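First comes the structure, then the notes that go with it.
When a ligand or atom number is given, it counts from 1 through the structure's own listing order. One-based numbering along the sequence shown.
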Amino acid sequence: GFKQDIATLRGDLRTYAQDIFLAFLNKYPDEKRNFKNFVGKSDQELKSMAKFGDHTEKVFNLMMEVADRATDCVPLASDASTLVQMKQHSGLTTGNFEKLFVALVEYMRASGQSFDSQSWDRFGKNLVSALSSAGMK
Ligand code: HEM
């Protein structure tokens, strides 16, 4: 289930973080509007870029903590507030986060592994709801 999935992703986090983030950017190309340094680059080129690996690792490090602190896939309000008040997130709306988790769930469903895809779908929806509650447009 959800708790084991957190362990699975953490066990190979640089690989999963990069692959899931690439699935997101390739499914939703216009989201690169938020990541200009990643434009005009193939997956293999991004995986050799220092700032790409550092960004994806830091994002998924924090995502896994938020997941780990959740109860029944409901994140802490404090974690939602942190994500909304982050200066790096100033321009963002909830649709951006929805798309990230649609891509993550699709990646899990397409993998050969027994991820608990429905729990991550719920987690994404509850996080979007919590982001909205905390003031994200
Ligand atoms: C649960 C989901 C997310 C988590 C855990 C997360 C986490 C993070 C973290 C840890 C940073 C770096 C903060 C620092 O350097 O101190 C960051 C930066 C950033 N994030 Fe997120 N993030 C999430 C979702 C998103 C989404 C959906 C977008 C869509 C555009 C986004 C856009 C950005 C941008 C634009 C930056 C900074 C620009 C840069 O990379 O230099 N984030 N995020």
Side-chain angles (χ1 to χ4, degrees), residues 1-35 38-50 52-86 88-108 110-136:
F2 192 68
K3 283 293 188 171
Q4 177 52 37
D5 291 347
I6 295 168
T8 296
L9 297 162
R10 280 175 165 163
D12 199 5
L13 195 43
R14 194 155 187 106
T15 292
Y16 282 124
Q18 283 186 164
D19 289 354
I20 293 168
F21 195 61
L22 287 172
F24 167 67
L25 294 182
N26 285 333
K27 182 175 189 66
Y28 302 103
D30 281 0
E31 292 283 345
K32 282 199 182 183
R33 172 179 292 265
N34 300 103
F35 308 101
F38 302 158
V39 163
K41 295 295 223 161
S42 71
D43 289 9
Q44 288 302 102
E45 296 171 320
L46 290 168
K47 290 180 156 255
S48 240
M49 290 187 26
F52 181 86
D54 295 348
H55 171 76
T56 58
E57 290 251 283
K58 289 188 177 174
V59 168
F60 277 79
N61 283 339
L62 182 56
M63 191 198 293
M64 291 304 96
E65 284 184 77
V66 176
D68 205 11
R69 291 191 284 263
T71 296
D72 295 345
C73 305
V74 180
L76 296 184
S78 58
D79 279 325
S81 291
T82 293
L83 290 169
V84 171
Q85 298 185 320
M86 278 171 57
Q88 298 90 337
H89 289 174
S90 52
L92 308 183
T93 64
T94 57
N96 293 114
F97 290 75
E98 280 174 324
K99 289 173 177 66
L100 175 55
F101 280 96
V102 165
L104 175 151
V105 169
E106 293 202 353
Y107 170 95
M108 289 179 168
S111 95
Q113 307 189 61
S114 52
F115 288 110
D116 180 4
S117 269
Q118 298 320 119
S119 287
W120 291 93
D121 191 49
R122 294 194 301 273
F123 175 67
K125 290 181 179 306
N126 297 332
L127 177 65
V128 162
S129 163
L131 291 164
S132 187
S133 283
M136 177 162 295

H89 versus ligand 1: do any nitrogen or oxygen atoms come within less than 3.5 Å of each other?
yes
Any salt bridge linking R14 with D54? Criterion: basic side-chain nitrogen under 4.0 Å from a carboxylate oxygen.
yes
Would you call the rings of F21 and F35 parallel, tilted or perpendicular if under 30° counts as parallel and over 60° as perpendicular?
perpendicular
Relative to the ring of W120, is the ring of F123 parallel (under 30°), tilted (30 to 60°) or perpendicular (over 60°)?
perpendicular
Assess [X] for proximity to ligand 1: is some non-hydrogen atom of it under 4.0 Å away?
| X | value |
| --- | --- |
| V66 | no |
| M86 | yes |
| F35 | yes |

With atoms numbered from 1 as shown, which atoms in ligand 1 lie under 4.0 angstrom from a non-hydrogen atom of [X]?
| X | answer |
| --- | --- |
| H55 | 18 (C), 19 (C), 20 (N), 40 (O) |
| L127 | 1 (C) |
| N34 | 30 (C), 35 (C) |

Please work out, at 4.0 Å between heavy atoms, whether the side chain, the backbone, both, or neither of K99 comes within that distance of ligand 1.
neither
For ligand 1, indicate whether the residue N61 contacts it via side chain, backbone, both or neither (heavy-atom separation under 4.0 Å).
neither
Option with minimal heavy-atom separation from atom 18 (C) of ligand 1, where the choices are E98, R33, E65, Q88:
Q88
Does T82 use its side chain to pair, donor to acceptor, with the backbone of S78 at less than 3.5 Å?
yes
Is a side-chain donor or acceptor of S129 paired with a backbone partner of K125 at a separation under 3.5 angstrom?
no
For a 4.5 angstrom cut-off between non-hydrogen side-chain atoms, does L76 reach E65?
no
Heavy atoms only: give me the nearest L13-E57 pair and the separation to one decimal.
C-OE2, 3.4 Å
